[PDB]
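Peer 1: Following this: a sequence and the matching experimental structure.
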Amino acid sequence: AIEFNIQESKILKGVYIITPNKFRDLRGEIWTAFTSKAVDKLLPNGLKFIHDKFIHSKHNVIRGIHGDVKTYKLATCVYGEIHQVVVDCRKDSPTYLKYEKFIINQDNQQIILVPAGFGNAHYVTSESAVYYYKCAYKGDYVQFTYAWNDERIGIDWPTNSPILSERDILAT
Amino acid sequence: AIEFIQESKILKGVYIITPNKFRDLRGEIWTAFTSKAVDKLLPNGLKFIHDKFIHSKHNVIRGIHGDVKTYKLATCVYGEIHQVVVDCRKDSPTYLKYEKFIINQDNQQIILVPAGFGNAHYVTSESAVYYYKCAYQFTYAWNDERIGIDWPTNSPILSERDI
Ligand SMILES: Nc1nc2c(ncn2[C@@H]2O[C@H](COP(=O)(O)OP(=O)(O)O[C@H]3O[C@H](CO)[C@@H](O)[C@H](O)[C@@H]3O)[C@@H](O)[C@H]2O)c(=O)[nH]1
Ligand SMILES: Nc1nc2c(ncn2[C@@H]2O[C@H](COP(=O)(O)OP(=O)(O)O)[C@@H](O)[C@H]2O)c(=O)[nH]1
């Protein structure tokens, strides 16, 4: 019943694309985004996802590009539609500053494992969207941000005028 | 800063967990769970291991479902629900008593539902996304007279055919 298609990315080594099964009917849908047994095994030895976060964002909002050298993330969209972007920011990688983009919605329920040393970002195409992500990292008690349109990455976003700040959304 | 926890004053074992949120006109950012803050509430090193979502249309009811082993952590991450917890431990002094919570983005209560409790929710908004975690069997009718839950409707969608 509860199953995962787990595929390594075709272009960015370390990135996994995880698609769950869903029970769908006219009342709605039921699905499992994560189990420890199926998904924590993808992390390095003895690391586990320990944090669950949600970002509810309006139409045309961008979040990112954010990352660091320690935090692994697991990300999807549980309401509406996003364009989810992962950027390889490991300077020694053969795919350094290359990216992969995923259009995630209820009919394309990809869940992206974003490794340490990758930038993370998403853009909301629907009226609003709820972003869901899990976090895993060593060391609890104690980092890079790239501009959404950084020319060196050259991300093909579905807009040229996204909302980046509170002051931007007053205009719309 | 990421912050959270109150024990229910009617059902022993039930916790009501409210996170803080950063809010602005673009929307909301918040943490529903950390292992350190929330897994400590479970017995004997048990941990939440499962994450599930239920997207349901307006007027749908789910429940009342439970068992004697599964602990749950439940909230609503889009829209609005009425979340209900029912003590179904036969030896409990509050057996078949319930507690109800109206959960939406301005009232982001996250309910820890212990083993031996029935779980249910009803969707008041156009649609809702229910989020719950599981750590690890009975089903009661939504309108069971012995429980007597004050639901905000008398004609909920209970099956596909009801649509
Ligand atoms: N309560 C709570 N607050 C949080 C959480 N996560 C982040 N915050 C708080 O929410 C505020 C905004 O968070 P971010 O927007 O993630 O901060 P940032 O990474 O510095 O913002 C950068 O990216 C934005 C686009 O995503 C840019 O618009 C901005 O200029 C900057 O480059 C910060 O004050 C941060 O402390 C959480 O889980 N819970
Ligand atoms: N693929 C998948 N199916 C599930 C999951 N949870 C429950 N189901 C199935 O969805 C169907 C409906 O579940 P049920 O509890 O009977 O309905 P409800 O009372 O309306 O939630 C059943 O046939 C279950 O086996 C899940 O996490 N993933």
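Peer 2: Sure thing, it's come through. Numbering: from 1, shown residues only, chains lettered A, B, ... in the order given. Ligands and ions are numbered 1, 2, ... in the order given.

Peer 1: near chain B, which residues of chain A show up?
Peer 2: Taking CB under 8 Å from any CB of the partner chain as the measure of proximity, chain A contacts chain B at A:25-37, A:48, A:50-58, A:61, A:78-79, A:106, A:128, A:130, A:132, A:134, A:140, A:163, A:165-166, A:169-170. C-beta coordinates here come from the backbone N, C-alpha and C atoms, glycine included.

Peer 1: how about 6 Å then?
Peer 2: For chain A, the contact set with chain B under CB under 6 Å from any CB of the partner chain comprises A:25-36, A:50-58, A:61, A:78-79, A:130, A:163, A:166, A:169.

Peer 1: restrict these to those near ligand 2?
Peer 2: Restricting the residues of chain A next to chain B to those touching ligand 2 (CB under 6 Å from any ligand atom) yields A:30, A:31, A:32.

Peer 1: So which of those are in strands?
Peer 2: Under the assignment DSSP state E, these contribute A:30, A:31, A:32 to strands.

Peer 1: From these, keep the buried residues only.
Peer 2: When those are checked for burial by 16 or more other CB atoms under 10 Å in any protein chain shown, the buried set is A:30, A:31, A:32.

Peer 1: Nearest residue to residue A:170 in space, ignoring adjacent ones along the chain?
Peer 2: Closest residue in space to residue A:170, ignoring its immediate chain neighbours: residue B:25 at 7.3 Å, by CB to CB, 6 or more residues apart in numbering or on different chains.

Peer 1: related to what we said a few turns ago, got JSON lines for the ones next to ligand 2 among the residues of chain A next to chain B, with distance to ligand 1 too?
Peer 2: Shown next, in JSON lines, are those (distance: CB to the nearest ligand atom, whole Å):
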{"residue": "A:30", "distance to ligand 1": "26"}
{"residue": "A:31", "distance to ligand 1": "23"}
{"residue": "A:32", "distance to ligand 1": "23"}
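
Peer 1: What separation do you get for the residue nearest to residue A:170 and ligand 2?
Peer 2: Separation of residue B:25 from ligand 2 (CB to the nearest ligand atom, to the nearest Å) stands at 35 Å.
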